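So the number in our numbering is just where the residue sits in the sequence shown, counting from 1, plus 195.
Note that beta-carbon positions come from the ideal geometry of N, C-alpha and C, so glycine has one too.
Below is one structure, written out as structure tokens; the observations come after it.
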Amino acid sequence: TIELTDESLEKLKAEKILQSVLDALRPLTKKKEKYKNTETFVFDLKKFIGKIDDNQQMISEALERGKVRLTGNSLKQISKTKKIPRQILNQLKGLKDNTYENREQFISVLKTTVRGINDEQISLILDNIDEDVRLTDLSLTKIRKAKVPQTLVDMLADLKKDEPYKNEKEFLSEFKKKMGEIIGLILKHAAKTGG
Numbered sequence: 196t197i198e199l200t201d202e203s204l205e206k207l208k209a210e211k212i213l214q215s216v217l218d219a220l221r222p223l224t225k226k227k228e229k230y231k232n233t234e235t236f237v238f239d240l241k242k243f244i245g246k247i248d249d250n251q252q253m254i255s256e257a258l259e260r261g262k263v264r265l266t267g268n269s270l271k272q273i274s275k276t277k278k279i280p281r282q283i284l285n286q287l288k289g290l291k292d293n294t295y296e297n298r299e300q301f302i303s304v305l306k307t308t309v310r311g312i313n314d315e316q317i318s319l320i321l322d323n324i325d326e327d328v329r330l331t332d333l334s335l336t337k338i339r340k341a342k343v344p345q346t347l348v349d350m351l352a353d354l355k356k357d358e359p360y361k362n363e364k365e366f367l368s369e370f371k372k373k374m375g376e377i378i379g380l381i382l383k384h385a386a387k388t389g390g
């Protein structure tokens, strides 16, 4: 049977774990609950410490928005939908690899270059756009004002990056990898039943 013991926190303290992580883990120490499965422990740890998927949309909205560039993979994996004609695909590929200044320029080009056709396909094209991600102090301040757990903002600041991300999905994947690494480091110091 897996458990949790008080000295596990002291052992983790030598691993440079986030202080907010320890503050959220203190509930786990005081819960006096004996788990038996990996899933029922990991899911509860994510819930108590804080889940990015709970406020993923809010985090996405609060994030700064940067430049937009066209990607061949976007059309390649959006060709499943039959709404967009292949002549529209050729028209968009005519201005291939157009790295616009920001989202406004891309929106203006999409509304201007494409004409005499319905705009629902234009809106659906925006589903898989490569948009850069920027992290600033004001966005983190807004996130903190959004009543999210402080560990979210702490680890977001710990993931500060000046280089612009290729797309938001890559930033989310990096965040998922970071939280998975933290979870694995935590589980490395689990109870010592020995079985």
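Around the C-beta of residue i, are 16 or more other C-beta atoms found within 10 angstroms, so that it is buried, or is it exposed?
{"i": "residue 320", "result": "buried"}
{"i": "residue 254", "result": "buried"}
{"i": "residue 257", "result": "buried"}
{"i": "residue 279", "result": "buried"}
{"i": "residue 333", "result": "exposed"}
{"i": "residue 312", "result": "exposed"}
{"i": "residue 199", "result": "buried"}
Is the beta carbon of residue j closer than 9 Å to that of residue i?
{"i": "residue 196", "j": "residue 225", "result": "no"}
{"i": "residue 296", "j": "residue 328", "result": "no"}
{"i": "residue 250", "j": "residue 347", "result": "yes"}
{"i": "residue 223", "j": "residue 243", "result": "yes"}
{"i": "residue 261", "j": "residue 326", "result": "yes"}
{"i": "residue 377", "j": "residue 213", "result": "yes"}
{"i": "residue 245", "j": "residue 343", "result": "yes"}
{"i": "residue 371", "j": "residue 354", "result": "no"}
{"i": "residue 274", "j": "residue 284", "result": "yes"}
{"i": "residue 381", "j": "residue 265", "result": "no"}
{"i": "residue 314", "j": "residue 215", "result": "no"}
According to DSSP, is residue i helix, strand or coil?
{"i": "residue 235", "result": "helix"}
{"i": "residue 310", "result": "coil"}
{"i": "residue 249", "result": "helix"}
{"i": "residue 288", "result": "helix"}
{"i": "residue 262", "result": "strand"}
{"i": "residue 224", "result": "helix"}
Taking the straight line between their C-alpha atoms, what separation do you get for residue i and residue j?
{"i": "residue 338", "j": "residue 331", "result": "11 Å"}
{"i": "residue 362", "j": "residue 300", "result": "17 Å"}
{"i": "residue 207", "j": "residue 387", "result": "14 Å"}
{"i": "residue 341", "j": "residue 335", "result": "10 Å"}
{"i": "residue 324", "j": "residue 269", "result": "7 Å"}
{"i": "residue 263", "j": "residue 356", "result": "18 Å"}
{"i": "residue 221", "j": "residue 322", "result": "40 Å"}
{"i": "residue 236", "j": "residue 217", "result": "16 Å"}
{"i": "residue 219", "j": "residue 345", "result": "10 Å"}
Practice problem: Note down, one range per segment and in chain order, each alpha helix (DSSP H) of at least 4 residues found wholly within the region 325-390. | Solution: The qualifying runs are 332-340, 345-353 and 363-383.
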